[PDB]
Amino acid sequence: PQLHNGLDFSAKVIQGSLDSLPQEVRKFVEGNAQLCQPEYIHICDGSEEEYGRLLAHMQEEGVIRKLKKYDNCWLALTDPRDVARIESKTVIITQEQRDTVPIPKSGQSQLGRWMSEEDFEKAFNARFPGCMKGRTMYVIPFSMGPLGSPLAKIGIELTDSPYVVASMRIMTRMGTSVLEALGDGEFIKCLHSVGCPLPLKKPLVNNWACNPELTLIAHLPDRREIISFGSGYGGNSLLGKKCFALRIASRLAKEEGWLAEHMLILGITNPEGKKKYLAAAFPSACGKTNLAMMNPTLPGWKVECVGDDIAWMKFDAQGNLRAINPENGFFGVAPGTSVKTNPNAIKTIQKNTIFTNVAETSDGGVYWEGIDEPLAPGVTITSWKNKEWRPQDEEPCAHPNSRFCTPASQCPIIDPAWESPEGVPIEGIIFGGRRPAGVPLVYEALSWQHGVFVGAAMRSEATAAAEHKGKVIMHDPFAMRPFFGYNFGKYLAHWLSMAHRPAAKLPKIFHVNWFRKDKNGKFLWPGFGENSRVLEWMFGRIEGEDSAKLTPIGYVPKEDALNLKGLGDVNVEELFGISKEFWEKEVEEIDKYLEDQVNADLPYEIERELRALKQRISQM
C-alpha cells in the first residue's frame, strides 16, 4: 500500500476497474495518470453502447456534427493547422544514431529524424506534466491483425481525445476481449495528448483542441513506446497506424524476420477461375485506395480488397510469401472520390463513417471537390472552414487531405479472407509514383535484385499528404520514406536477403505510372478502372506467358500485348517511350541520392544494379 492515498486512482475510474487490468497494464495506466493528471479514467470496452455515449458527448461538446442524410455518419472540422501528418516533427529515439538513419555523406538525412534520449527527456518533461488536467484519460486496448493470429500485436493507447477513441474503434480491433487475449504478454505502449489542459489558455478553432507549437511524434523502439503530443489528426493520433504498424513494426520485422510495408493488398480473379493476390506500394495520395477497391472494366475479371495501406508479410512454411491486413477500416482521401472513379468507396462510406474536414450540404450530406455529382436546387454547401461556400470562390470546399473513416467490413468487394490469420499468398509486388513524364506505363523487373533496386529508386512529385508543397519530384523509396523504423541501408539489406531463404517463392516486381503527361499537359492514360488492363498483363506474366519485350530498364509489354479494346485512340508511342536523354539524367540523380543518403550502409548488390542499368542506358 502507501502512507496516504495519492497513488490509488480507483476513485477516478468512471468505467472499468484497475483491479481487472493485467499487472504491467495497470502500472502503465497509473504511472501516466500521475504524470498527466486526468480528471477521470475511462477503460474502453469497445461496446456499441460505449461508442454511443462517445458520439453523443462529442456532439454535445461541439466537436462533430451529424450528417442526417446518411445512416450514422458524422462530420468533424479540425483546426486549419492540424490538417495533415507532420513529418518534420516526427522523431525516432535510439541510443546510436546509425540504428535509425544512415549517416549522410554530406547534408542532412532524408530517411528519418533521430533524437537522443537526452534531447527527448527535456522535450518530454516540457509537454506532458499536467497536460490532461481536467480531461478524461481513455485506455484503448486494441489489436493489430486478427485475434489469435500469429503476426498479431496488441497495444494500449492512452488519449484525452474522444475523437481518437472513436476512430480507433473503426480502424482497429478495440475492446475488452483484446484485454483477455493479452493476459501477461508484451504490448506496445502508446501515449497521446492533444496538449490542451483545462482551463483553456488558448482559444480553440472549430472546437478542435490541439497545440501546434509543441507538436511532437516520438518513437522509442527500444522501449516499445510511442509518445505523441499536440496533434490529433489521423496519422498523428492513431498511434496504431503509422507509428506502430509501420515504423515500430518495421524494426520488429527486421528483428523477427518478417516485413511491414506501406502496401495495399488486392486479390484478382480471371474468367478461367484462377485468383491471385498482389501488393502495391505507392506514396500517399497516389492511387492505393482507388486500386484496392477497383471496379474493373474488363469482363469476367473480379477484384476483391484486403487492405489499402499497411501489409504485414512473412514467408510461410511452404515458401509462400503470405500477407495480412493489420487494420480494421479505411482512412482514405475524400476529394476525387466519385461514383465514376471509386464507386466501391461510395457504397462503403454511406454508414458508420466519420468524415473529417469535408464540406457539408444543407440537406445533411457530404460534398468535396471531384465528387462529380450535381446538387439539388436550393442546396447550399458549407466548406470545411465552417463558412458558407459558393463555387464562385477560390477556396475549395473540402480540404485536400480531408478523410473518411469507414469500417472495412462494410466494403462490398471485401475479400472473404482479409480476417484470415493465415494470410493470403502474394504472387506479385507493384511499385510506382506520380511521374509526370519519362517513366513508361508499366514494366517488369529483371531479377529480385533489380526489383529491390526499382523500389529504392522510386520518385514522385510532392502531393498533399505531409507538409511538402510545389511540383517537385522527390525520392520516396518503397513509399516508406516517412515511415522507416530503422536504418535504410539495413532495410535494403533486409529485402535482398529474402532471396537466400530456402525454397522461397519470390513474387515478381512491377513498376507502374498512371500519371504520365504529354507536351500539352494531359494524362495519357485514363486510369482508375481501366488500370485493370495493366493488371491483366501482370496476371499473364505470373503464369509465364511470352508477352514481354526486353528493354534497357526492364521487360515492357509486347506489341499488341495490352487489351486496349474500347479505346484505340490512346498514344502508345509516348505512353511506353523510353528516352535515353531522360534516363541518363535519372540515373545521375539516383546515383547522387544513393551515394549521399545511404552512403556506407548501401549494399553492394544495389550498387551493382545501379552500374548495370547505367551501362545498358549508355548502350543505346
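By rigid core we mean the largest C-alpha set that fits within 1.5 Å across both forms. All residue numbers are counted from 1 along the displayed sequence.
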property	result
Comparing 98 to 106 and 348 to 356 where Cα RMS over structures and residues is taken in 8 other deposited structures of this protein (core fit), larger one	98 to 106
Higher C-alpha RMS shift from the shown form in 8 other deposited structures of this protein - 197 to 205 or 491 to 499, rigid core fit	197 to 205
Of 365 to 373 and 139 to 147, the one with larger mean CA B-factor	365 to 373
Stretch exceeding the other in mean C-alpha B-factor - 181 to 189, 121 to 129	181 to 189
From 432, 273, 230, 221, residue of greatest CA B-factor	273
Candidate residues 384, 453, 488, 244, the one whose C-alpha B factor the record puts highest	384
B-factor third for the C-alpha atom of residue 25 within its chain	highest
Residue 347 - Cα temperature factor, lowest/middle/highest third of chain	middle
Cα B factor band for residue 423 (lowest, middle or highest third within the chain)	middle
Assigned third (lowest, middle, highest) for the C-alpha B factor of residue 289	lowest
Ranked against its chain, the third holding the CA B-factor of residue 152	highest
